[PDB]
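Take a look at this single chain in structure tokens; it is the form deposited in one PDB entry.
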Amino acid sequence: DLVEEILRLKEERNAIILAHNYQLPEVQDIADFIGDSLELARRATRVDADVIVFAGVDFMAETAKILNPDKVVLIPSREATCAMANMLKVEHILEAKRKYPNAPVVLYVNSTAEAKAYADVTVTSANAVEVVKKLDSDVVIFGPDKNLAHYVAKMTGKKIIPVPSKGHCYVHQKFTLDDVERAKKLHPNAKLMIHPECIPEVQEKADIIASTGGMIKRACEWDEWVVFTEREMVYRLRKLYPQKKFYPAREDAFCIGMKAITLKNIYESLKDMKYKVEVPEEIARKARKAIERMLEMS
């Protein structure tokens, strides 16, 4: 029914469905590509599809449009939003730049297109340390996540100015040391894979620090993992590695923005060609330049 209807319209629209790793299992199951936001945007550049339906949040659909300006990019819900990315206002960047005019501005790929337009370079979780160590400055402005900034500071020794100072992801901030201790109590043979958006005392307990793309790449290093990220990641890992064991660190670690996406509104997205994601031409050019620079440095 709904699934066959989506496939019919996907075919008719010359569309591809890109689903983030935190998407509901039934959404991942009908997606053409599944991964993190940068992986998804880059996968779409492989084909001349006319339409992208982005099963994910606002900034990720923007990144797809930045790297695929020739595609119509749809987001099924205007309530699929990232709380962390939207804490960062342009004024935050400008104030830090005014104070430290020789410091490069680095934006985590989890950020608005508009923020990327003020960046000298973007970073992923996997390359942030290498890229920031390579930047030609001992002081770096970095946003929007203060916990990832703290991790980068510890690993590079550089002076990292987080913008905004309090920027963070509520989904990952809620993991505590109590959750680490419960994980080890219940699963003593497991290792801990921990997203760098978790708080520093939780990062310190990690066996690996990785965002979702790196969790998939490094899961080969052990056969049993407790997963410190949004709980739907556990479904993706179990599907890719059915011989291993994966446990959520907390079942109630959910991203409300990701849960705005449903099969029903993916269908309505295709039927009505909504909601079209718009990125201003000069913002996209400036954001593209920062993303391409990141690839040069990695």
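A residue's number is simply how far along the shown sequence it sits, counting from 1. We call the rigid core the largest set of C-alpha positions that still match within 1.5 Å between the two forms.
Looking at 117 to 125 and 147 to 155 together, the entry lists the larger mean B-factor for 117 to 125, computed on C-alpha atoms.
Remark: stretch with higher mean C-alpha B factor among 82 to 90 and 106 to 114 is 106 to 114. Across the options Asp178, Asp223, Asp138, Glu95, the residue with the most elevated CA B-factor in the record is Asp178.
Across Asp50, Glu26, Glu230, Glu39, the entry's maximum B-factor at the CA atom is seen for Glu26. Ranked against the other modelled residues of its chain, the C-alpha B-factor of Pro69 as given in the entry falls in the highest third. Among the modelled residues of its chain, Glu197 has a C-alpha B-factor that falls in the lowest third, as given in the PDB entry. Per the deposited record, the Cα B-factor of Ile209 falls in the lowest third when ranked against the other modelled residues of its chain. Split the chain's modelled residues into thirds by C-alpha temperature factor. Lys185 is in the highest one. When the modelled residues of the chain are ordered by C-alpha B-factor, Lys133 sits in the highest third.
We do not show the form deposited in another entry, though everything after this point is about it.
Of the residues checked (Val47, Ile256, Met273, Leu240), the rigid-core alignment between the shown form and the other one shows a Cα shift of at least 2 Å for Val47 alone.
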